[PDB]
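Enquirer: below is the structure, and that's it, no one-letter string:
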Ligand SMILES: CCCCCCCCCCCCCC(=O)SCCNC(=O)CCNC(=O)[C@H](O)C(C)(C)COP(=O)(O)OP(=O)(O)OC[C@H]1O[C@@H](n2cnc3c(N)ncnc32)[C@H](O)[C@@H]1OP(=O)(O)O
Ligand SMILES: CCOC(=O)CN1C(=O)COc2ccccc21
C-alpha cells in the first residue's frame, strides 16, 4: 500500500507507465473555481506559513530546517547543507509565486516543522521522439503531438519534515496543500525528483562522482582506497596522482560568463536542449538568473573566440555536513549544471569544468547521467555511486524514457 499515493493522479505501477504511449494529463479537467480557497485543515497546534524568501530571517529558518533534517546519503554519513544564498537563488527565480512556498510551523513558538517548495518552470514534455515514430507507423500523429507546446508547470523541490515529526503522515498533507496552492494558479502538472522510489518514475539514472581532492574524500569516508592501491607502496600518493588536474583551464579564451553573454548562451543552450524529450525552455531573464555567476552558489564559464561565444559550462555548489567526523566539517561538492558545446568535444569542455572546480577548492564533482553526461564518464574518471535519481511527473501520463533523454537539471 501507498495509502497516500494511490489517491493521487500518477501512474500506479511499472506495468502502467510501460504501456503508456502518448503524453497527456491523468485527471479530470478542472478549473480554479473547483479548488477550495481555504488552506487544507491541520492540527490546531500547527499552522501554515508562507515564508518571505526576500527576508534573511525566513530564509534562515528554512536553512536551519534543511541543514538539520534534509536529505542524507543511505549510510547517514553526509547531509545536504544548501547555503542561504543558494536557497534565495533556487526559490526565487523570475516570476516566482511566493504562495508556492509552503511551510508548517507550530503555533506556540513558531518553530518551523516542515517545508515544500514549488517554482515555475516552462517545460517541453510532449510525447518522446521514438514514440512519435510508432505514431506514424499507426496514423496517430495528431494524438501524439497534442501537448508539444512547452507547458507552464510547477517544479517541486525541498520537501522536508523535521526529524521529530516523521512517520506521522505529515508530508502527504504538505503535498495536498502545495497541489492546492498551485491548482489555484491554474497549473495542473508538476515535475520532481526523489532519491527514493515512488509511483512512478518516467526516468531514472545513476549518480556519478569525480574525486577532486581524494585525500579529504578518503579521510571522511566518502571514498575508500580501492583494494588495488594496497598492492602499491604509499597508496595515497598513487590516488592523489591518478586524480591530479592541471592548475589552469586548457581552452584559451575560457572566462566567466557576463551579462552581455546572455542571448548567446540562451541560444546555444536551447538548440542543444531542444534535442531531448524532456527539457526546460528559458527566457533571457531565466538564463541570467540560473547561469550568471554568484559567489559561492553558481559558477559559469563560456568559451569565446572572435568575440563569439561557442561553448559554455556551469556548476553549482552544495556543501554537505560530514555527520560523523571531528577532523572535517564539510564536503565541498560541485554539481554539473547546464552546458553546451559546439566547437569542441564535450569531454574537453568538462575537463576545464573539473579544473576550475578543483582550483576553487571543491572536493568532488557530482552528476546524474542526464544529458550527454554519460559521454564523458570514462575519460574524466567519474565513477557511479550508490542509488538513483528518479524523475516524476504529477498528473501527466508519460512513457518510460532513458535518462539521456532528460534535460532537466534539478537543484
Ligand atoms: C500540480 C501541482 C502538484 C504539486 C505537487 C506535486 C507532488 C510533489 C511530490 C513531492 C516531491 C518531493 C521531492 C523531494 O523534495 S525529494 C527529497 C525528499 N526529502 C527528504 O528526503 C528529506 C529527509 N526526509 C524527510 O524530510 C521525510 O522523510 C519526508 C518529507 C521525505 C517524508 O516524510 P515522512 O518520512 O515523515 O513520511 P510521512 O509519514 O510524513 O508520509 C508518508 C508518505 O510520504 C511518501 N514519501 C516519502 N518520501 C517521499 C518523497 N521524497 N517524495 C514524495 N513522497 C514521499 C511515502 O511514500 C508515504 O506515502 P504512501 O506510500 O503511504 O502513499
Ligand atoms: C554519497 C553521496 O554524498 C554526496 O555526494 C552528498 N550528498 C548528501 O550529502 C546528501 O545525500 C546525497 C544524495 C544524493 C547525492 C548526493 C548526496
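Expert: The structure has been received and is ready for your questions. Residues are numbered from 1 along each chain as shown. Ligands and ions are numbered 1, 2, ... in the order given.
Enquirer: need the outlier residue of the protein, farthest from its centre.
Expert: residue 233 (40.6 Å; Cα atoms, centre = their mean).
Enquirer: can you check my assumption that it lies in a helix?
Expert: No. Read with DSSP: H, G, I helix; E, B strand; the rest coil, residue 233 is coil and lies in no helix.
Enquirer: any idea how far ligand 2 is from it?
Expert: Distance from residue 233 to ligand 2, counting by Cβ to the nearest ligand atom, to the nearest Å: 29 Å. Just so you know, the C-beta spots here come from the backbone N, C-alpha and C atoms, and that holds for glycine as well.
Enquirer: could you do residue 218 as well?
Expert: Between residue 218 and ligand 2 the distance is 13 Å, computed by Cβ to the nearest ligand atom.
Enquirer: and if you look at residue 77?
Expert: 7 Å.
Enquirer: also residue 141?
Expert: Using Cβ to the nearest ligand atom, residue 141 is found at 39 Å from ligand 2.
Enquirer: show me the helices in the stretch 1-150 of the chain, by range?
Expert: 14-17, 56-69, 84-91, 130-134, 141-145 (DSSP state H, counting those that start in this stretch).
Enquirer: out of those, which one sits most buried?
Expert: When these are scored by mean count of other Cβ atoms under 10 Å, the highest mean neighbour count falls to helix 84-91 (a mean of 19).
Enquirer: report all helices and strands that that helix contacts.
Expert: Judged by 3 or more Cβ pairs under 8 Å, 6 or more residues apart in numbering; DSSP states H and E, helix 84-91 is in contact with helix 56-69, strand 112-124, strand 151-161, strand 309-322.
Enquirer: gap between it and the chain center?
Expert: In terms of Cα atoms, centre = their mean, to the nearest Å, the centre of helix 84-91 is set 13 Å apart from its chain centre.
Enquirer: does any part of that helix sit near ligand 2?
Expert: No. Helix 84-91 stays clear of ligand 2 (Cβ under 6 Å from any ligand atom), getting no nearer than 13.7 Å.
Enquirer: up against ligand 1, what does this structure have?
Expert: Contacts of the chain with ligand 1, taken as Cβ under 6 Å from any ligand atom, map to 2-5, 69-71, 154, 156-161, 166-172, 175, 178-179, 182, 187-190, 192, 194, 196, 198, 394-395.
Enquirer: returning to that earlier point: same list (the helices and strands packed on helix 84-91) but as TSV, adding distance to ligand 2.
Expert: Output for the helices and strands packed on helix 84-91, formatted as TSV (distance: least, Cβ to the nearest ligand atom, whole Å):
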stretch	distance to ligand 2
helix 56-69	11
strand 112-124	17
strand 151-161	13
strand 309-322	3
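Enquirer: from residue 244, how far off is the residue farthest from the centre of the chain?
Expert: Separation of residue 233 from residue 244 (Cβ to Cβ, to the nearest Å): 17 Å.
Enquirer: do the same with residue 310
Expert: Separation of residue 310 from residue 244 (Cβ to Cβ) stands at 28 Å.
Enquirer: and the two? Which one has more around it.
Expert: Using other Cβ atoms under 10 Å, the more surrounded residue of residue 310 and residue 244 is residue 310, with 19 against 10.
Enquirer: quick one: the more buried one from residue 304, how far?
Expert: To residue 304, residue 310 is 7 Å away according to Cβ to Cβ.
Enquirer: again, but for residue 379
Expert: According to Cβ to Cβ, residue 379 and residue 304 sit 24 Å apart.
Enquirer: of these two, give the one with the bigger neighbour count.
Expert: residue 304 (20 against 13).
Enquirer: residues touching the more buried one, list them.
Expert: Listed by Cβ atoms under 8 Å, 6 or more residues apart in numbering, the contact partners of residue 304 are 253, 255, 310.
Enquirer: which residues does it bridge with?
Expert: Applying DSSP bridges to residue 304 gives these bridge partners: residue 309.
Enquirer: just give me the neighbour total for residue 83.
Expert: There are 16 residues near residue 83, going by other Cβ under 10 Å.
Enquirer: I figured it hits residue 319, correct?
Expert: Yes. Between residue 83 and residue 319 there is a contact at 7.0 Å, judged by Cβ atoms under 8 Å.
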